[PDB]
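These notes are about the structure you will find just below.
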Amino acid sequence: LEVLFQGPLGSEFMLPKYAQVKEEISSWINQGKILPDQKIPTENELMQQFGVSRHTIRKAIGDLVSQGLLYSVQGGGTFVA
Amino acid sequence: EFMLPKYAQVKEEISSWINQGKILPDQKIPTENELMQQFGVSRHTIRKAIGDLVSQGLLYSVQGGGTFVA
DNA sequence: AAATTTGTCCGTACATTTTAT
DNA sequence: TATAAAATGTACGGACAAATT
Ligand SMILES: [Ca+2]
């Protein structure tokens, strides 16, 4: 289970949920907790572990894919690039 | 096939508008609601199309302002 | 100040592709 | 070899929030 700082907005520190998810996943990649061509957790698992909607998870992941950090295979999973 | 998902057809048409110079840089494209009406699709589909085009650098958005050709 | 417009977040349903039985 | 289950993709709907007009 990973935590969301969840501070509304206006203070300098707050990020939308999808951005906090992106940061955590990017962090796994950067710290080498996941290696290229290895599968990250499924969308359902990420939903449970982060406590957010499938939409939010897909937004984070989609951003990361368009960044080049990840790639997805329909029906297979999502992997570090 | 010839088939493309709806968000991709929307992307093609907006890109087409920009490529043919029908809208110049820093000019505003139609609103999300006008696009939903014109294409006959959901706000979600429109936002997917636009978001893809923003991420590839063809467009930029301003919350409360509109979406513009880059 | 009100209305408009984009941003975030959530829910459902079904299709498509891969993976497990 | 064939079926089911699992996992991602598309599409849709709603409610509020934030920023501009
Ligand atoms: Ca406005």
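For chain B, what is the relative contact order in percent, using Cα pairs closer than 8 Å and at least 6 residues apart in sequence?
Computed value for chain B: 39 percent relative contact order.
By counting other Cβ atoms within 10 Å of each Cβ, how are A:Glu45, A:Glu12 ranked from fewest to most?
Exposure proxy ranking, most exposed first: A:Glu12, A:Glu45.
Under 20 Å Cα-Cα from A:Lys22, which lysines qualify once same-chain neighbours fewer than 8 residues away are excluded?
Qualifying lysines at Cα under 20 Å: A:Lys33, A:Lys39, A:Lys59, B:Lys48.
For a quick protection proxy, order the peptides B:35-41, B:5-11 by their average other-Cβ count within 10 Å, most packed first.
Peptide ranking by packing, descending: B:5-11, B:35-41.
Computed over the Cα atoms of chain A, what is the ratio Rg over Rh, Rh following Kirkwood?
Ratio of gyration radius to Kirkwood radius for chain A: 0.97.
If we count other beta carbons within 10 Å of each Cβ, what is the order of A:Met47, A:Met14, fewest first?
A:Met14, A:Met47
Please compute the modelled spin-label separation between B:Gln38 and A:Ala81, points set 7 Å along Cα→Cβ, answer in nm with one decimal.
A separation of 3.1 nm, rounded to one decimal place.
Let me check I've understood the local charge: for A:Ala60, count other residues with C-beta under 13 angstrom from its C-beta, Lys and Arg +1, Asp and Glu -1. What total comes out?
Once all neighbours under 13 Å are counted, the net charge is 0.
Given the peptides A:52-58, A:28-34, arrange them by the average over their residues of other C-beta atoms within 10 Å, most packed first.
A:52-58, A:28-34
Read the figures in this text as sums done on the coordinates, not as results from a lab. No Cβ is skipped: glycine too gets one built from the backbone with ideal geometry, and neighbour counts run over all protein chains shown.
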